[PDB]
Amino acid sequence: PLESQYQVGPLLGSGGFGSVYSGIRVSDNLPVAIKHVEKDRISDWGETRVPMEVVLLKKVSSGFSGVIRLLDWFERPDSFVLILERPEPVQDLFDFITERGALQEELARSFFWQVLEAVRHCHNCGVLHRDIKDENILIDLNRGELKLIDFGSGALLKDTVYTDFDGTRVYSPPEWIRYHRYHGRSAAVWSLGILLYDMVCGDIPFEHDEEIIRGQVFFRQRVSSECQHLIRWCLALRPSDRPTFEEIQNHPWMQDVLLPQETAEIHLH
Ligand SMILES: Nc1ncnc2c1ncn2[C@@H]1O[C@H](CO)[C@@H](O)[C@H]1O
């Protein structure tokens with residue numbers, strides 16, 4: 001009877017993922033997030049038959065704080081209720097970039113690095129997010145830690161080809177736009193490339209399908225040669241020409257990353 005262990009609060013947000021309410025867990029007054037999803041609105045299920053999002057979060061919710069952990073969940077007549085952690089204060093990368101504009105490379109380095117550790121975490125756990133982007137990245141302003149959210153478009157990690165994709169088009173790779181097919185790890189790397197550009201330029205690089213398939217990336221902001229190189233590498237047109245997570249984390253631009261707390265005092269506090 002979820003309607004007792006938690007006390008609902010204001011509506012944090014809503015959209016193509018459901019409706020999320022701020023809440024508190026009467027038992028330790030733990031700040032939580034309560035997400036509602038209508039059964040009629042989901043297409044992927046796994047296992048009892050629960051929405052894929054729950055299966056994904058469960059395999060990924062133990063320990064490492066790179067992803068928002070799923071604390072619990074309940075089933076209702078026509079929907080599922082998810083109890084997620086809720087850091088405070090917090091701000092998603094989209095709003096953060098929208099307010100501060102392009103990020104200094106030291107900050108983008110720390111942020112990108114943490115996203116990479118989080119993505120490696122999910123992959124290691126057999127989960128592919130499929131919708132990595134600013135909006136799905138939460139920033140814990142006080143600890144300087146980022147956390148991944150909304151695995152609603154995710155899928156179990158597999159080595160074979162994918163033929164479905166309901167993520168964010170502007171963050172989709174050329175192979176999806178042209179052949180309606182892609183592979184997990186390399187598609188993920190491509191979106192990682194869009195994200196990085198978004199961070200240091202303050203906006204995504206491609207708007208139209210033609211631009212995505214063209215691959216030419218123009219910089220509207222001043223960014224180091226090393227950063228431009230990593231970005232271009234992640235955005236290689238041919239999937240196999242993209243770097244592996246290891247190659248990204250070993251890239252020259254990725255060295256000397258700040259620690260989360262250091263990031264918070266220098267850039268967030
Ligand atoms: N687990 C969560 N904890 C805190 N806030 C969240 C969580 N999931 C979604 N949100 C809020 O809802 C918005 C929807 O993208 C996010 O920007 C964030 O503000």
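X-ray crystallography is the method the PDB entry lists for this structure, together with a resolution of 2.400 Å.

Per the PDB entry, the protein is named Proto-oncogene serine/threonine-protein kinase Pim-1, and its organism is Homo sapiens. Listed as the entry title in the PDB record is "Structure of Pim-1 bound to adenosine". We quote the UniProt Cofactor comment for the protein here in full: "Mg(2+)".

A. Structural context of the overall build of the protein. The secondary structure content of the protein amounts to 10 helices and 12 strands. Expected size for 269 residues packed as a compact globule is a radius of gyration near 18 Å; at 19 Å, the protein falls within 12% of this value. Principal axes of the C-alpha set define a box for the protein whose edges measure 55 × 45 × 30 Å.

B. Expanded view of the side chain of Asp131. On the secondary structure map, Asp131 appears in the loop between β9 (127-128) and β10 (137-140). Buried charge without a partner: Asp131 forms no salt bridge, and the closest opposite charge is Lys133, 4.0 Å away. Those residues in contact with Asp131 that sit more than four places away from it in its chain are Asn136, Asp150, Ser153, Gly167 and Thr168.

C. Focus on the site of the ligand. Close to the ligand lie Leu12, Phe17, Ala33, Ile68, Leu84, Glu85, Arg86, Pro87, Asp92, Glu135, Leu138 and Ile149, which account for all nearby residues. Separating a nitrogen atom of the ligand from a backbone N or O atom of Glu85 is a distance of 3.2 Å. Protein contacts shield 80% of the accessible area of the ligand, which totals 420 Å² for the unbound molecule. Residues of the shell around the ligand, tallied by class, amount to eight nonpolar, no polar and four charged. Residues lining the shell around the ligand come from more than one domain, with at least three contributed by each of domain 1 (1-88) and domain 2 (89-269).

D. Expanded view of the pattern of salt bridges. All chains considered together, the criterion is met by 15 salt bridges. A salt bridge links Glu3 to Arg76; its shortest N-O distance comes to 3.6 Å. We classify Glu3 as exposed; its relative accessible area is 52%. By relative accessible area, which is 27% here, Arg76 ends up partly exposed. The shortest N-O distance in the salt bridge between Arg86 and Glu88 comes to 2.4 Å.

E. Examining the layout of surface pockets more closely. Quantified by volume, the second largest pocket comes out at close to 190 Å³. For the lining of the second largest pocket, the residue count by class is four nonpolar, two polar and eight charged. Both domains that meet at the lining of the second largest pocket, namely domain 1 (1-88) and domain 2 (89-269), each give it at least three residues.

Here is what the cut-offs are and how they apply
- Residues numbered from 1 in each chain as written, not as in the entry; some residues may be left out.
- Heavy atoms only, no water.
- Residues with missing side-chain atoms left out of burial classes, pairs and counts.
- UniProt positions renumbered as here; feature names shortened; annotations may be inferred.
- Helix = DSSP H or I, 4+ residues; strand = E, 2+ residues; numbered from the N terminus.
- Rg over C-alpha atoms; globule rule 2.2 N^0.38 Å.
- Buried < 20%, exposed > 50% of the residue type's maximum accessible area, 1.4 Å probe, protein only.
- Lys, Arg positive; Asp, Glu negative; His and termini not counted.
- Salt bridge = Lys/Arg side-chain N within 4 Å of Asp/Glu carboxyl O.
- Contact = heavy atoms within 4.5 Å.
- Near = heavy atom within 4 Å.
- Polar contact = N/O pair within 3.5 Å; in protein donor to acceptor, adjacent residues only side chain to side chain.
- Areas by Shrake-Rupley, 256 points an atom, 1.4 Å probe, with all protein chains shown as cover.
- Nonpolar A, V, L, I, M, F, W, Y, C, P; charged D, E, K, R; others polar.
- Domains from an automatic or database assignment.
- 1 Å grid on protein atoms, 1.4 Å probe; cavity = no way out; pocket = protein on both sides within 12 Å on 5 of 7 lines; lining within 4 Å.
- Points joined across faces, edges and corners; volume = space filled by probe spheres on them.

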